[PDB]
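What follows is a short report on a single structure.
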Amino acid sequence: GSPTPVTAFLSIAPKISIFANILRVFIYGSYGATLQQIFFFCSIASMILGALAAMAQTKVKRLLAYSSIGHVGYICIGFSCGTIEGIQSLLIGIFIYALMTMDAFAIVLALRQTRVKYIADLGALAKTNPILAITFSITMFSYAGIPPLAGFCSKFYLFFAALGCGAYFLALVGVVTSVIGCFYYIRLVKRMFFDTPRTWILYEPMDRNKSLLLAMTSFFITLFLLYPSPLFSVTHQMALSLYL
Amino acid sequence: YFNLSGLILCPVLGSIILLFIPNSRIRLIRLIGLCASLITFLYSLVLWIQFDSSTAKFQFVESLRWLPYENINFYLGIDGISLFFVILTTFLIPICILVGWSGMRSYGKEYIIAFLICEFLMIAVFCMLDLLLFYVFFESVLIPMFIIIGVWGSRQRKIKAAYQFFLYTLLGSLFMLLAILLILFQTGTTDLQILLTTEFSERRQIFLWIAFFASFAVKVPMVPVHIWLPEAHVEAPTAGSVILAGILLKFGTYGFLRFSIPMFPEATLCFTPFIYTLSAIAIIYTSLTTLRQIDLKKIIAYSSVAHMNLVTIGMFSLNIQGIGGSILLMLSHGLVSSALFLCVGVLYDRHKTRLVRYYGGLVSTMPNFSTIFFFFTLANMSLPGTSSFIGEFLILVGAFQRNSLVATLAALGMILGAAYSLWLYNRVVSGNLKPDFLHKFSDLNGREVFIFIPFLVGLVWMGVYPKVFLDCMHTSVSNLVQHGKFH
Amino acid sequence: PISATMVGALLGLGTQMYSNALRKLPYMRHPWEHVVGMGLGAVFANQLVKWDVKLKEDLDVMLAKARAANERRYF
Amino acid sequence: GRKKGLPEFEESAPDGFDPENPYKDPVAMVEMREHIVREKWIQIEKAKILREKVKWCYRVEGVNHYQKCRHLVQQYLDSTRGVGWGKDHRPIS
Amino acid sequence: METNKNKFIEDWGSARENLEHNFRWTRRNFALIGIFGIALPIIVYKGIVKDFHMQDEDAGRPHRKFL
Amino acid sequence: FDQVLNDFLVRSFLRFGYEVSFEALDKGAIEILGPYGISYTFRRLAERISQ
Ligand SMILES: CCCCCCCCCCC(CCCCCCCCCC)(CO[C@H]1O[C@@H](CO)[C@H](O[C@@H]2O[C@@H](CO)[C@H](O)[C@@H](O)[C@@H]2O)[C@@H](O)[C@@H]1O)CO[C@H]1O[C@@H](CO)[C@H](O[C@@H]2O[C@@H](CO)[C@H](O)[C@@H](O)[C@@H]2O)[C@@H](O)[C@H]1O
Ligand SMILES: CCCCCCCCCCCCCCCCCC(=O)O[C@@H](COC(=O)CCCCCCCCCCCCCCC)COP(=O)(O)OCC[N+](C)(C)C
Ligand SMILES: CCCCCCCCCCCCCCCCCCCC(=O)O[C@H](COC(=O)CCCCCCCCCCCCCC)COP(=O)(O)OCCN
């Protein structure tokens, strides 16, 4: 329901601050180890239900909402395993999810010029604007967690943190939810490259600021795995600075 | 001084340059793509000459730090095993560009971009020594081949082939990834040399080996999951059908020869009979299934499955004969299957049938193609003097050093392989012509008669003098078979 | 070897032409901002490398301090 | 650089290796493996040399080959008993 | 240059391609699938494992567990 | 013997090359409970979580 720029500001700006707040509360105010249980089941439920619900949606904004819920579950995996690596994986996941959400909402705002509503309106978009189609496909794959992109690194290190604490069920549920999650992402892909509808919707060209932000984020997503050291070092310093 | 990094960078430069130029000047795009592929091929051949076959340690290593702690990093490097795969994957790509040379105006610049990205990525897979990042590049080929199959594929079932191909490489791939993470957390690094010299728990190697095999039993067409190759291979373009059966089927076997045989030696011994039974039943079942096929593509796709399954019999029989014959038959198949699928592609691009019964008695009309097809299906027979025989007989010899039952079934595989290969040859090139639906049709032009010449010369060079290939690998194979075998 | 400027300038030019293509414009519509993007990419890459070095040394100091603090329980 | 000749290798067995705990020392593992494989190949080539000697025997031997080459037959077979990576008979080096 | 592709061929070709719609777990075919899916793999597995066991018996070495 | 051998080996293998494998293996049981035969429960499971 909310306007597109509002939803763009939401799910990035609020979630980062609230997650930092939860980190501060969890690390200090929680010593009974009772928040492991509440984060465990809720993150598992978020993973499962986001993966199983985003596949049944036909609009775009609902799909982004359920993808956000799924990524919230993926990030919350880090709370259950309370270690330096767990918080590191959590923060890295937040960073990557924020970049991918900015890119995806830039895509959505780009097609908002002609009032895109459903997922079928972006049919045969590889013909009218091939390069925007490539950018959207890359961002969708980054959401999926395909290796040669950012977003795979975040899920990777979240799984590493989950396995470090011995929460073997968290790793398995993460894997299966990722498997289903990639399916409807590729389903989004098919309607946007392969099958061509009879009626084509024409989108007017974009402006420079959105295009520049989109290009920067797209080059960050693809080439992240080449040089990921600065993010990892920032995150390791941040995780340790909670105490010293 | 030509290093390993320049070979990796050449396709990257060719792709980046190709994006700069527009699509109107189509001749420039095809010319630059072919030139980049050919210079990469020449660079790969140059790397062959300066390869020390005496030492057991790895050749040129380029280390680029990945994690801030240098815990894991890009550790490139070739050995006796990885060198020939690099040469083959550099050799196949220019052929891929050349087959669809006429239709380049219909495909566009995305086609060559995708193929050069595939060349880069496939080179990066074979010549690297980091177990985790090798996994990253190992299924990184999902995106480019998904694009290649889907965008230019079948009529309307192209969507289903892409989904089956993409689905079979998810559950097993991530179940392997779990083992990757357990290995990383247990030891501490994913460097191959470090991981080789580690004491793994006796009960632990079983789980890790099973996880590795689960993601390699899908790339190698094992008994449970091998139905993707026929359907997703018929519903594929001809240049996408010549690397799918030329390189991708090598990832599972190469992964077995790199991160499965050394790291888990006694687990390999304990799981040896099970692999033998799977490979034997795969050979027999595929041989019996392929002799009642009418699809022009699956008829040799099943031959590819049979050859790949026969590879594992001697690949898992720890022996210098077995492993050497394994890689020799692997290269031989990478050539012969590629040649067969190019023949099927040229047959299909004229008539557009994708059947077997339509063609018949065309020897009087296309004699050159008849001779070339005869030579290729003759190599598929595994004649001595051809590529397949030396490797395949070496596999039989090596397995019969270990066991006497299963590889006799492997040899029984060829009692029907040759039979249905010549029978398939005689469906098409023999008999009287049927000019009821074969009104007009031509023979190979200058392009596709020259494209087979490298295949012919490589095939005969394999057949008559394979000593040069065995020369560079006997150190690496012997080091592989003796690892963790102190006595 | 690449000196963090042959990659930063190339990424700047690439992102300039990338944003230029997303608006369905000719790739070299405004070469002055192409040069601006090259310079910006080079500067950003150099700053990233320097910040990475500083960040790694500070992280090493933090790990040393944490290890020293954790060691005190045994002694 | 290159020695432009045969690849000279150290005949001396590497030090610091213990059969009871081989995995304790990783840096000494690879050269011991290389030495073992090199010695196995030495045995393989010795067997091949004996095979060549009997090869050249059988031509000159004539009808009564058993009489004057029986001694070399045992020498060739004992080499083939401890061959490399072969049949079920694994040598204990 | 494209073939005439007479109508009485593509139907059989698709029937061979689309055979997945004809399977109803008939008892005779259930036994047929079961035997070649399990028994023959089991029989051959026993064959190889006993071949290894008999090979190891002559040499006198203890049998590997072979799980 | 030119008829007994044919009908008893070549005919038998020709029939059973397809009859068993192509029917009750490959595409089939590994497909009905595999990729898209009946494991595609998500399509039937799509309209139950939006309640
Ligand atoms: C995003 C896609 C990335 C694709 C490129 C991948 C190709 C890999 C090359 C990437 C690349 C630049 C990164 C570019 C990122 C793109 C810009 C992103 C935004 C675009 C707008 C980093 O590559 C090197 O950087 C080194 C930095 O230290 C690191 O070495 C580790 O560091 C230690 C840590 O403390 C570790 O403890 C230790 O183990 C290692 O020593 C490693 O990261 C790596 O070796 C290339 O190297 C470049 O950085 C340095 C190194 O010399 C050079 O400048 C230096 O400056 C002074 C130092 O202040 C030095 O005094 C001076 O001598 C030198 O001149 C450059 O000339 C150039 O060589
Ligand atoms: C692994 C391989 C090992 C080596 C095997 C070599 C064995 C020979 C392989 C080729 C055999 C010939 C089969 C070719 C296809 C047969 C049908 C055909 O197409 O024949 C062609 C070509 O005929 C030939 O056979 C020429 C091919 C060369 C045959 C001789 C081979 C000699 C070289 C191979 C052996 C060299 C020695 C060994 C090398 C180390 C045309 O025949 P025409 O008489 O022109 O009929 C005309 C058609 N029409 C009526 C419709 C107008
Ligand atoms: C990461 C590694 C890979 C990426 C590497 C990046 C390389 C470095 C960046 C290179 C960028 C080169 C771009 C060429 C210079 C173009 C400058 C043009 C500026 C300009 O024309 O001004 C306005 C354009 O808006 C604007 O351009 C200003 C808005 C720009 C938005 C930037 C937002 C930065 C803050 C957020 C950063 C991302 C945070 C993510 C967590 C007027 O435009 P006009 O005159 O054409 O007409 C009006 C349309 N409105």
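Every residue, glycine among them, receives a Cβ derived from its backbone with ideal geometry; neighbour counts consider all protein chains shown. Values in this text are rule-based calculations from the coordinates and carry no lab data.
Three semi-axes describe the equivalent ellipsoid of the range B:159-201; taken as square roots of 5 times the Cα gyration tensor eigenvalues and ordered largest first, they are 31, 9, 7 Å.
Separation of the range D:1-79 and the range F:35-50, taken as the distance between their Cα centroids, equals 64 angstrom. Averaged over residues, the count of other Cβ atoms within 10 Å places the peptides C:21-32, B:285-296, B:58-69 in the sequence B:285-296, B:58-69, C:21-32, highest first. Comparing Cα centroids, the range A:86-155 and the range A:12-47 end up 26 angstrom apart.
When each of A:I48, A:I77 is scored by the number of other beta-carbon atoms lying within 10 Å, the sequence from fewest to most is A:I48, A:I77. log10 I(q)/I(0), Debye, Cα-only the range B:385-431, no solvent, q = 0.17, 0.28 Å⁻¹? Once normalised to I(0) and log-transformed, intensities are -0.60, -1.00. For the pair the range E:7-67 and the range B:139-194, the centres of their Cα atoms are 27 angstrom apart.
For the peptides B:335-346, A:179-190, the ranking by packing is B:335-346, A:179-190, with the highest mean count of neighbouring Cβ atoms within 10 Å listed first.
Projecting label points 7 angstrom from Cα along Cα→Cβ for B:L383 and B:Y465 puts them 2.0 nm apart. Working from Cα pairs under 8 Å separated by at least six residues, relative contact order for chain B is 15 percent. What the Cα atoms of chain D give is an Rg and a Dmax of 18.6, 59 Å. A Förster radius of 30 Å, combined with the Cβ-Cβ distance separating D:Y66 from D:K4, puts the computed FRET efficiency at roughly 0.05. Using only Cα coordinates, the Kirkwood hydrodynamic radius of the range B:1-72 works out to 14.8 Å.
Averaged over the residues of peptide D:26-37, the number of Cβ atoms from other protein chains lying within 10 Å of each residue's Cβ is 5. All alpha carbon pair distances within the range A:1-44 were sorted into 5 Å bins beginning at 0; the resulting P(r) in whole percents reads 5, 18, 17, 20, 15, 12, 8, 5, 1.
Could you pull out the longest piece of chain F with no exposed loop chymotrypsin sites (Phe, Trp or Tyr not before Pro) in it, calling a site exposed if DSSP puts it outside H, G, I, E, B and it has at most 14 other Cβ atoms within 10 Å?
Numbers: sites that count: F:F1, F:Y36, F:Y40.
Formally, the longest exposed-site-free interval is F:2-35.
At q = 0.26, 0.30, 0.33 Å⁻¹, what base-10 log of I(q)/I(0) does the Debye formula yield for the range B:106-145 when every alpha carbon is treated as an equal point scatterer in vacuo? Those come out to -0.82, -0.97, -1.08, one per q.
On alpha carbon coordinates alone, what is the Rg over Rh value for the protein assembly as shown, Rh being the Kirkwood radius? It would help to have the intermediate numbers written out before the result.
Numbers: Rg = 30.2 Å, Rh = 31.2 Å.
For the protein assembly as shown, the value is 0.97.
Taking 7 Å steps out from each Cα toward its Cβ at B:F51 and A:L10 produces label points 5.9 nm apart. Looking at chain A, the pairs of alpha carbons with a distance over 35 Å make up 15% of the total.
Among A:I131, B:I327, a tally of other beta-carbon atoms within 10 Å of each Cβ gives an order, fewest to most, of A:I131, B:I327. Can you list the residues of the range B:245-289 with backbone N under 16 Å from a point 7 Å past the Cα of F:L14, pointing along Cα to Cβ? Only B:288-289 fall inside the zone, counting backbone N under 16 Å.
What number, in nm² with one decimal, is the all-direction average of the projected area of the convex hull of the alpha-carbon atoms of the range A:56-190?
In nm², the orientation-averaged hull projection of the range A:56-190 is 7.7.
In loop segments of the range D:4-44 as defined by DSSP, the trypsin sites (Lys or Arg not before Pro) with at most 13 further C-beta atoms inside 10 Å of their C-beta are D:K4. Within the shell defined by Cβ-Cβ distances under 12 Å, the residues around B:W66 carry a net charge of -2, with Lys and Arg each +1 and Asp and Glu each -1.
Residues in the range B:451-462 carry Karplus couplings, in order, of 5, 7, 4, x, 4, 4, 5, x, 5, 5, 5, 4 Hz; the curve used is 6.51 cos²θ - 1.76 cosθ + 1.60 with θ = phi - 60°, and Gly or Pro positions show x. Hull volume per residue, based on the alpha-carbon atoms of the range B:1-139 and their convex hull, is 119 Å³.
Ordering F:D26, B:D79, E:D58 by the number of other Cβ atoms within 10 Å of each residue's own Cβ, fewest first, gives E:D58, F:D26, B:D79.
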